[PDB]
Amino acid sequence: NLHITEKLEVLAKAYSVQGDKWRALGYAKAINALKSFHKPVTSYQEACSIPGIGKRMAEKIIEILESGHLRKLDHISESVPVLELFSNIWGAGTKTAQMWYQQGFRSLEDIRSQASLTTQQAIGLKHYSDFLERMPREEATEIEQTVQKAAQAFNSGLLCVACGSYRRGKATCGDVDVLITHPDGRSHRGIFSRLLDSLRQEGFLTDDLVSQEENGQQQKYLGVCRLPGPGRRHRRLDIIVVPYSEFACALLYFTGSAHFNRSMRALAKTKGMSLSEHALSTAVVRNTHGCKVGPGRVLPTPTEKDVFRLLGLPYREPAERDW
């Protein structure tokens, strides 16, 4: 509900690509609140009443109804669409997009022929369209299975779980998030080397984006893969290997959504605790600015439910975390 959002969503992306992350966050929250309410908004007071919507935002919602158009939109820089185009290249963010624009680049052809690309950005440009597409969850299953098969091939005890949007039950997935760990709490160490080389053997992996294979403590692998046969597109792969003791927090984190994690972490903070993909801690010592000064104590969290419990929150199935 509420298509007075699609117009704010435009301003949100504009601010975001331009690097004004906080203002963009504000819009994201407001847009989210509107899309989450039960009835069409038709009153200034009805807008301010909504948490996440202030005078400024409501003031704009008023015009969206009293005018049917937002004057602010007719003043967005012409650079925005190009910044969005550029920042949609994997490995390039607002800073790079703005730099390229300042240098006169206006299209991907300009980037391809004149820009100095990092290894990651070159891969992103090579798969520009594929990286903007989502795959049916069915294909995500095959990819997760492909990774699990290669993993359990050298250690049948390894536990592999597809997380992210997949575990949240979404019909399509941006990429495939696979969490790998081992019940014995030690057999997870230094497996990337073997797993990745195995996946490379069968020609499954096509490009590596983030993979510190010289570090025996590598925690993640971000890359590209493709299943065999016709009609197959290059798909993004995200693999993390975590120690069993961090299984719950890691599973919770990797399942998301990102907004859900942020909300949960923000809550933990208001309660003198801290939550991360590594652990839930209590008695955390923070400064006047909120930065974690003291480590506090790690709380035992053998399951996701324990995390919710310790935070005094009712448990939520992955599908109920799709924020």
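All residue numbers refer to positions in the sequence shown, first residue = 1. For the two forms, the rigid core is made up of the largest set of C-alpha atoms that agree within 1.5 Å on superposition.
- Query: What stretch shows more C-alpha movement in 4 other deposited structures of this protein relative to this form, 53-61 or 272-280, after the core is superposed?
  - Reply: With the rigid core fitted, 53-61 is the stretch that strays more in 4 other deposited structures of this protein.
Q) Following superposition on the rigid core, is the mean squared CA displacement, expressed as RMS, greater for 100-108 or for 187-195 in 4 other deposited structures of this protein? A) This comes out as 187-195, the stretch further from the shown form in 4 other deposited structures of this protein.
| task | Using only the Cα atoms and their B-factors as the entry lists them, report which of 149-157 and 116-124 averages higher. | result | 149-157 has the higher mean C-alpha B-factor.
Review point. Taking only the CA atoms, which stretch has the higher mean B-factor in the record, 289-297 or 276-284?
Key: Mean CA B-factor is higher for 289-297.
Highest Cα B-factor in the PDB entry belongs to which of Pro243, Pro136, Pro230, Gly190?
Result of the comparison over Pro243, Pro136, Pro230, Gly190: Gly190.
By the record's CA B-factor, is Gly26 among the lowest, middle or highest third of residues in the chain?
Middle third.
inquiry  = Splitting the chain's C-alpha B-factors into thirds, which one does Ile76 fall into?
reply    = Its C-alpha B-factor, which the entry lists for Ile76, ranks in the highest third among residues of this chain.
Name the third of the chain's ranked CA B-factors that contains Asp197, choosing lowest, middle or highest. Answer is highest: the recorded C-alpha B-factor places it there.
Within this chain, which third does the Cα B-factor at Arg186 fall in: lowest, middle or highest? As the PDB entry reports it, the C-alpha B-factor of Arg186 lands in the highest third of its chain.
Would you please rank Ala258 by its C-alpha temperature factor against the other modelled residues of its chain and give the third it falls in: lowest, middle or highest?
Bottom third by C-alpha B-factor.
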